């Protein structure tokens, strides 16, 4: 990244004392050209510096309604990454605390995530941390994809990112090829999107509960998958299962996934109007 292009003035930023979550994320206020903009700011407490700047560099290149926009960066008390504020917070925590949210509403939100990911796929970026905790709600009917700290811009000549070693990975969201070959593609993100869908229809329950990472790998290798959440429409569980296709080449891309979700969402909108 070249800070010059996206550099913010610390004097124009006001940070809240409390933390939103955890570097650490805090609520803030940035004085824009005229309006004041409520922002979410990722702050640090050499390696961690480069990871934040890499995250900023990814976000800078993305421009989509369903992805959190970066406002800019600043080096003050630490390096800070200033982003759009999603006031209602992470999807998993929201659904845990709002069990009244309807099927149609959940379908709407996961469809928005699929539109964001279709865009990410078109742009040849891999997210590598697509989970309900990293989908943030602007409103009850507007979700954005966040948290690009593990995200990678794919090389012009390859469809995957090859990781050098097994780091601190959210293994329960990872496709077999991520675990077995360290290869991350948009198809690996589709696998993760399946788990995210399961989380959403389970009202933010953790996937594969009570199981170790190695036990999940063993379960998947036997062809076993998580069951249908209570009250989850069959069409949505069928889509989840398709996202959990073992063979990467036969697994659908986000274009196919988004189209399926889009069509089903219109069916449900029809059903509710009747």
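Numbering follows the first chain given and starts at 1. Rigid core (definition): largest C-alpha set, two forms, superposition within 1.5 Å.
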property	result
In 9 other deposited structures of this protein, rigid core aligned: more displaced of 24 to 32 and 242 to 250 by C-alpha RMS	24 to 32
Which of 76 to 84 and 192 to 200 lies farther from this form in 9 other deposited structures of this protein, as RMS of C-alpha positions after a rigid core fit	76 to 84
Entries skipping residue 167: at least a third of other ones	yes
Residue 45 left out of the model in a third or more of other PDB entries	yes
Residue 22-residue 23 interval: deposited residues absent from the model	1 to 3
Unresolved deposited residues in the interval that joins residue 45 and residue 46	4 to 9
Mean C-alpha B-factor comparison - 6 to 14 and 257 to 265, higher one	6 to 14
30 to 38 or 66 to 74, whichever carries the higher mean Cα B-factor	30 to 38
163, 117, 197, 91, ranked by C-alpha B-factor: the highest one	163
Highest-ranked of 249, 55, 224, 238 once sorted by CA temperature factor in the record	249
Chain-wide C-alpha B factor ranking for residue 128, given as lowest, middle or highest third	lowest
Residue 158 CA temperature factor, ranked by third within the chain	highest
Where the record places residue 99 (Cα B-factor, split into thirds across the chain)	highest
Among modelled residues of the same chain, the CA temperature factor third for residue 167	highest
Within-chain third of residue 142 by Cα B-factor, per the entry	lowest
